[PDB]
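One chain follows as structure tokens, the form deposited in one PDB entry.
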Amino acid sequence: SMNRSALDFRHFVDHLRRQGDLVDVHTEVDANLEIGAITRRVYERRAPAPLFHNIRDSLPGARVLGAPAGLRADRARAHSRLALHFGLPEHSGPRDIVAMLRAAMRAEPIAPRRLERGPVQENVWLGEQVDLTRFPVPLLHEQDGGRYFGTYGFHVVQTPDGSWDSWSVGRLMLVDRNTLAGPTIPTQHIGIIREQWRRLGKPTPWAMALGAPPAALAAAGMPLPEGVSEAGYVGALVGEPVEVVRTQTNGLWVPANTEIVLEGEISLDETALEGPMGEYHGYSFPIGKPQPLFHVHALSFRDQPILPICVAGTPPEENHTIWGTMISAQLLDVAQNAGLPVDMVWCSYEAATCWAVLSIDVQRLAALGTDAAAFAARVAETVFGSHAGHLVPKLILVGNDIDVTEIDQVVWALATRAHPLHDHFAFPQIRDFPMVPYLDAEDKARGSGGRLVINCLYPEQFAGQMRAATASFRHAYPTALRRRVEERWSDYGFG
């Protein structure tokens, strides 16, 4: 059931209900602001994911699932919804998911299983039959530039010769009944492929899978080389291939179990103004930007289709829980592949992927014979120089007496270890990720200025010393007594 949830969105949703992580909303809600407002609150209260059954003035049978990888208030199970995206059980935490991702990234892909048919074909609208406005397309935040059809799903394109099928995560704003608009980064795989079609004088055939198999959405964001197709890495993630059917109108292959598939082409030169919109950093910047038109020639969907939605903004939402976690997992590979004494990396969801905390193996630190400034520089070059680390402007270096995945502990280290005169290491020569929201006009002209390493390693730690013991349950009591207290917890009378 847990691995089934990973390969099948509809089952994923039933599973949530069974484990008490789903609220069926049967009362009538408005896709104009209300769905988004509710879903946003859900993220912030860490509530069960809502399934809206009754949406004003929308395709009968159509439904919306809010917060598909939001967190849960119950701390023992807080990451369960996220974990299902990777076929992992209810009690899986950041470290379990990171270990699984790192392994997946070393595993072999498994060729997708081609099928003649599948549930996504249960309903088909062609050409003139296409009307996107009939779906419960939400206006997500009050000031958004338009309604968003696609906020949790991926694009599918292919090279003209068919040798490389490319999945990538993307978002699409509704323009009209059969047109959308959304970003295509020229240097991203989708942009590279779009260039190949352009030199033939052709628009790019496209599809978007919404309510895709959770692991297929995961796979779509995996860091893969140019030429390598994402579909196979569903098998790398969960040991079982994704099942695919051919689209109705353009010869692409989309997961068989997907809820809603849009089919069409990315326009050569037509654009619309897209945005403003909430983004991963928690802000909604006010200016719109022209983006390419995606023309929809056909759409297919399951009976009683579920449109999943993300309401991007202040954490934790899917940007942080899925993409942040993946970045964390990649940064740990980067650090360890470099030989750094790092046993964990965590891009705290609370920091909206604007910082990474590196857990430093203090038992191996003295052997480096270094100090804070040199170590900060070394870690800066290594991490910021990587593809994943390019994305994160601030690194916090801290000894592994704390658990870097718990923000309260990071805060404690930050407040009590980082000396204001000696532990603030700015690296203004290092090129920035341009979306970092605190960048100013000079940083933007220069291309650098935003990068920072905050050191929380006390100077003595570079000699293997430590000025004071941590007065916590973990570090203030001998091993035997810790074990006794944990084994007797129930006997004492605690739940």
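In this text, residue numbers run from 1 along the sequence as written. Between two forms, the rigid core is the largest collection of C-alphas that superpose within 1.5 Å.
Although it is not shown, the form deposited in another entry is what the next lines describe.
Of the residues listed here (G369, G201, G162, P186), only one shifts its CA by 2 angstroms or more between this form and the one not shown after fitting on the rigid core, and it is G369. Taking the rigid core as fixed, one finds a CA shift for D423 of 2 Å or more between this form and the one not shown.
After superposing the rigid core, the C-alpha of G464 moves by 2 Å or more between this form and the one not shown.
Here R483 counts as shifted, since its C-alpha moves by at least 2 Å between this form and the one not shown after the core is aligned.
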